[PDB]
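As structure tokens, the structure follows; a few thoughts come after it.
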Ligand SMILES: [Zn+2]
Ligand SMILES: [Zn+2]
Ligand SMILES: [Zn+2]
Ligand SMILES: [Zn+2]
Ligand SMILES: [Zn+2]
Ligand SMILES: [Zn+2]
């Protein structure tokens, strides 16, 4: 029945409002939110003889991380205490006589408060289940795998996960992405997803949304780690070690300056062999990666157009510029296409991470429309030729670009004696069907 | 009431082979005996009606039947009791000539009042064959010659409607059809030693050729040069066909060549090849009218002086199979990345079986021909490939450089030549292995 302190796992009679469990000493070293102490007041408040002592800065990295998660206090609901029953929700409240926990009874909700009216604040779930001792060691027992785009980190996970293992992943979407590279996996469809999830096949490794806390398994993995909420990572490292796959040079987490500090003190190894694009792309993105990248595939065509084009998937920075099937660059992390157009109509719109992702989505050809010459400032991606015939869909119509980017017909492509380049199944199926009809007409 | 298979007139008799004959045609089926007005077979001077001698028939059918000799069954005894016998349904020749043994909720449903009659069963060989309609229906059908790797089965997907039917000659061919189709109705055959998917019942049908005709809108014949001559006739007794095949690949088992009907149908040939290089295309071009064009890189040809075991090993004779090698005839419609042709026995290679063997692999073929059998049929020179092949041996991925030297994937990454595979399991190994080289070393 006794809680241990999340900073100093000594006995923890108290709790922050956010709410981490603190000991008698650490009540004055959590400047992130108030902590009510032995007297009815919060520490630091000059309200009496006990809350008079001043607060101090905390030495934990947890403190430094809360500096980017501002405390939004919820408003006081009031505590109407029966004989022992009260009409309130789950529990974990700070009244005025110390911490109070109301427990789920189906014969009413029971509290160990004598009959009266007490003003009560709900505790947040921000630092619940965080144990900074456990984190301190576990992080040193964990590993981080830098998978650049197209190095197949997401695949190495498959040739290593076993069915008693748990895979954590940050968003509903990345969750789904992982379900499908696995196939048979166990999971729960998140409350309030706006997507359609397969059937939870009940004989596979587990897949869980990072925000769900820790769940026991044998080995645990963190998918798209450099992107994950800092506090939910810590909630994991308070209970297990982790095998972390991600990339610092792509997108940062959505409410934070950079990636969580725990990855910076892990041992880090980086995949160097790339299965998705040509060496010219690899060379363009090399500055962001320590070890040399070696491309297993052909030169990816690079073309810089003067006026906008619509070849392949169109990627664009800002939502307002999306036309006719295009998508945001951010929404394309993890995705792969044969051909992308990089659509840059709006100025000061392309940050270095957003540029990385975009020039590494395509396999065979990228078309860059960069009137404000933004991309040259971050990546040296010179125009590059391929002596092949590109095949891509556009408005459900197979079109063919020759080695000089002229739209020609399937028939003319067979005439010019250059091979077709394409990987997408539907493109390749349209391509093979059409060549049949040409011969049988 | 039954018409005649030769002569669509009232057919009150029937050959031993299952073909309904009129009164005229009784004397013109030299393939097997048939019984007349009396109890005797014509020809046999053994009565007062069977004295006139037999005549040669003038249908192509008679000509086909010269290739399936009549094997007459040992005479069963038909125990007619209750009007029911304990023999299996069909047609028999008792005492009385024509007697039909039906389905029955009673069990058998026989006429011929009770007694115990020596019976002979008719075979199912010419059952439901109407040469009149065949004659008229061939001239309405079409034949698509699809050389190996022309993807004839792909053009078929792009034409078939849900009411259409697709016949196919073997269990294996049916499977491969079903998988290329996806959504398709079928019944798994009885006795199958293979693993069929679940018969999605919202698709075009897919039936086994020996399962006779079944209603449908448009019908199709798969690997038509390979199909049983008489089973094809059964189809042309009821509908027109669209036939996809290759006369220059295997013959139907137990026949000289393909069924004559394809010779009097219009024929067109696919010219575009998606499987092997133009070197292999040139090697087989004598067997095809129209020029073959390859859409893929050269295939390596290596003539070995010792037997090897690189890739999938093909060999003509069951006797020579060792360590997972497969006969050449088992490999029609299969595709591999690398094949080894294992030619250790003399006079083993007809022309069809070489055509098949040398058009199975995508990227490399190794020939072991110490009896120099192949040269007599196909000019298959040696050709080099500036690449590193990859293939499994015995659960172990081995790599061959551009000089056919086994190397390690480590060394492969060093010689700076791209890898060349397509098989999924091979490519996943290659990937997993390159991961482990940079991750654990
Ligand atoms: Zn403490
Ligand atoms: Zn706090
Ligand atoms: Zn106080
Ligand atoms: Zn007749
Ligand atoms: Zn017969
Ligand atoms: Zn007679």
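Residue numbers (the numbering used here), protein chains in the order written: chain A, 824 to 1264; chain Y, 23 to 463. Here a beta-carbon is modelled for each residue, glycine too, at the ideal position from N, C-alpha and C.
Under the three-state DSSP convention, the category residue i falls into
i               : result
residue 456(Y)  : helix
residue 173(Y)  : coil
residue 1077(A) : coil
residue 843(A)  : coil
residue 48(Y)   : helix
residue 1125(A) : strand
residue 1022(A) : coil
residue 825(A)  : coil
residue 1263(A) : helix
residue 178(Y)  : helix
Status (buried if at least 16 other CB within 10 Å, exposed otherwise) for residue i
i               : result
residue 99(Y)   : exposed
residue 1024(A) : exposed
residue 944(A)  : buried
residue 390(Y)  : buried
residue 1089(A) : buried
residue 354(Y)  : buried
residue 1077(A) : exposed
residue 899(A)  : exposed
residue 1032(A) : buried
residue 127(Y)  : exposed
residue 463(Y)  : exposed
residue 861(A)  : exposed
residue 998(A)  : buried
residue 1061(A) : buried
residue 270(Y)  : buried
residue 89(Y)   : exposed
Test item: CB-CB of residue i and residue j under 8 angstroms
i               : j               : result
residue 884(A)  : residue 1084(A) : yes
residue 942(A)  : residue 964(A)  : no
residue 992(A)  : residue 1007(A) : no
residue 1152(A) : residue 1185(A) : no
residue 1194(A) : residue 1166(A) : no
residue 412(Y)  : residue 371(Y)  : no
residue 37(Y)   : residue 49(Y)   : no
residue 168(Y)  : residue 266(Y)  : yes
residue 145(Y)  : residue 34(Y)   : no
residue 1065(A) : residue 1044(A) : yes
residue 367(Y)  : residue 342(Y)  : yes
residue 1123(A) : residue 1189(A) : yes
residue 468(Y)  : residue 234(Y)  : Residue 468(Y) lies beyond the range of chain Y shown here (23 to 463); nothing can be said about it.
residue 42(Y)   : residue 27(Y)   : yes
residue 290(Y)  : residue 315(Y)  : no
Cβ of residue i within 8 angstroms of any chain Y Cβ
i               : result
residue 1119(A) : yes
residue 982(A)  : yes
residue 1100(A) : no
residue 1237(A) : yes
residue 1219(A) : no
residue 1255(A) : yes
residue 990(A)  : no
residue 1202(A) : no
residue 963(A)  : no
residue 1092(A) : yes
Residue-chain proximity (residue i, chain A), Cβ-Cβ < 8 angstroms
i              : result
residue 457(Y) : yes
residue 294(Y) : yes
residue 277(Y) : no
residue 441(Y) : yes
residue 176(Y) : yes
residue 461(Y) : yes
residue 204(Y) : no
residue 166(Y) : yes
residue 171(Y) : no
Under 7 angstroms by beta carbon: chain B residues contacting residue i
i              : result
residue 406(Y) : Absent here is chain B; the protein component of the structure consists of chains A and Y.
Just to confirm the assignment: which complete alpha helix (DSSP H) runs, minimum length 4, are found wholly within the segment 80-163 of chain Y?
Those alpha helix (DSSP H) runs which fall completely within the segment 80-163 of chain Y and span 4+ residues are 82-87 and 153-160.
Fully enclosed by the segment 413-456 of chain Y, which alpha helix (DSSP H) runs are 4 residues long or longer?
431-437
Threshold first: 3 residues or longer. Then list the beta strand (DSSP E) segments lying entirely within the segment 1080-1110 of chain A, N to C.
Scanning the segment 1080-1110 of chain A from its first residue to its last, the whole beta strand (DSSP E) runs of 3-plus residues come out as 1091-1093.
Which runs of the alpha helix (DSSP H) spanning at least 4 residues fall entirely within the segment 333-388 of chain Y, listed in chain order?
373-379
For the segment 984-1066 of chain A, list the alpha helix (DSSP H) runs that are entirely contained and at least 4 residues long, ordered along the chain.
995-1005 and 1053-1060
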